[PDB]
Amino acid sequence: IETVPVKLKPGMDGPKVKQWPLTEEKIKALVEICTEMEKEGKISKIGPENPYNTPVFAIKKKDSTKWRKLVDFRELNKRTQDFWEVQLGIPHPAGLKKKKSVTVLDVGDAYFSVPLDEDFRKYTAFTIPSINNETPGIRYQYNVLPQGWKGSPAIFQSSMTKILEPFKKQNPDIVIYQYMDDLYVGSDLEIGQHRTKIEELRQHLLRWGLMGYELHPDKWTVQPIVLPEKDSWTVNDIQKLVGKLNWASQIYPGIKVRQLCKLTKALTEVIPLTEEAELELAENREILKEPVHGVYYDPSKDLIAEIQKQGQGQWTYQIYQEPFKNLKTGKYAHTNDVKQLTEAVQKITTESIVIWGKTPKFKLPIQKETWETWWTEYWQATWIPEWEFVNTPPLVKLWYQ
């Protein structure tokens, strides 16, 4: 029946964002993928009386050759904020992360059922561009729950709950989280049965539709910080040692870089093992294979993700809210920098989404213009996190090497 009187944040207008210049194949795809959609009544053109705009891209499923259309409601979401968050937002089960394995299900084509609050349809305006701007460019609007939009789940919520009732009822141990367009379900059931239970779940959906993605958070554990083991030891090697310990010292309340640091000298000159500095590495090594004591997750502040590139298709990433207060730190491994990072990001995000229920702020070690040109090609997720390009400090890259 009638829709949820969607209401924006007083003291702000809709979004108005330029359309990315898109390749021929993405434009083709979108125009077709969009002709039907209106046909299907899910959208309809719009007059010039609509100032608003949102970017949109085309992506491919799981490497598959079928184009999925991706709208970037990144902005709009901020404008709706309080509504989808402090209004009807869905809570987050700390249970998820704990399950032995979690499948991620794309259940967003469901929204295209529920109707969008008419008076709110204008905000969802987007635009299919044109090669060399030789023709104006088709302009559309949503008259239903859009996908990449954070407003959709909050609304569809109530429905979703009901759809899941019976199932959940029959296995009060499966934990179903919901974050934009996708459903996260976890269970400690050996794989076979999990896969079963998920496929079984699939079935419920089908009807309300008016195995898969195997992910196992349980086996996650913070990437330690390693200090070489050597056997020779020279100024340089020991000089770097402390340098690192200097950084460590920073965080990890307890780090001790004295006996070592206290040991002029010639660079290439090798030396021994300090009678009783051994306990330095020994003791220090310890607290490093450890989780930063004193660091906790603040829900009121948002998450921040940092990635540095270490040659050899290797990448190290830390997650924190307060510089040098790491909550998470891991790594990740047609070979191009851009693709790999794009993957790392998605990887990081997911984990983040599974741990805290929100996406981090990314600091991408790359030229904006370049990322801002290629990311789509290897992008598959149905969400888009916040990012900001930077220049990697020198030693850093090393300290996490």
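From 1 onward, residues are counted along the sequence shown.
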Next on the checklist: Are residue 210 and residue 211 truly consecutive in the deposited sequence, or are residues between them missing coordinates? Give the number as none, 1 to 3, 4 to 9, or 10 or more.
Outcome noted: 10 or more
Next on the checklist: I'd like the number of residues from the deposited sequence that lie between residue 333 and residue 334 yet are not in the model, binned as none, 1 to 3, 4 to 9, or 10 or more.
Outcome noted: 4 to 9
Checklist entry - Of 114-122 and 234-242, which one has the bigger average CA B-factor? => result 234-242
Checklist outcome for this item: Of 95-103 vs 275-283, the stretch with the larger average CA B-factor in the entry is 275-283
Item to check | Residue, from 165, 322, 85, 306, that the PDB entry assigns the highest Cα B-factor | outcome: 85
Checklist outcome for this item: One of 203, 264, 143, 326 has the largest Cα B-factor in the entry, namely 264
Next on the checklist: How does the C-alpha B factor of residue 289 compare with the rest of the chain: lowest, middle or highest third?
Outcome noted: highest
Checklist entry - Lowest, middle or highest third of the chain for the C-alpha temperature factor of residue 185? => result lowest
Item to check | B-factor third for the C-alpha atom of residue 78 within its chain | outcome: middle
Item to check | Cα B factor band for residue 363 (lowest, middle or highest third within the chain) | outcome: lowest
Item to check | B-factor third for the C-alpha atom of residue 11 within its chain | outcome: highest
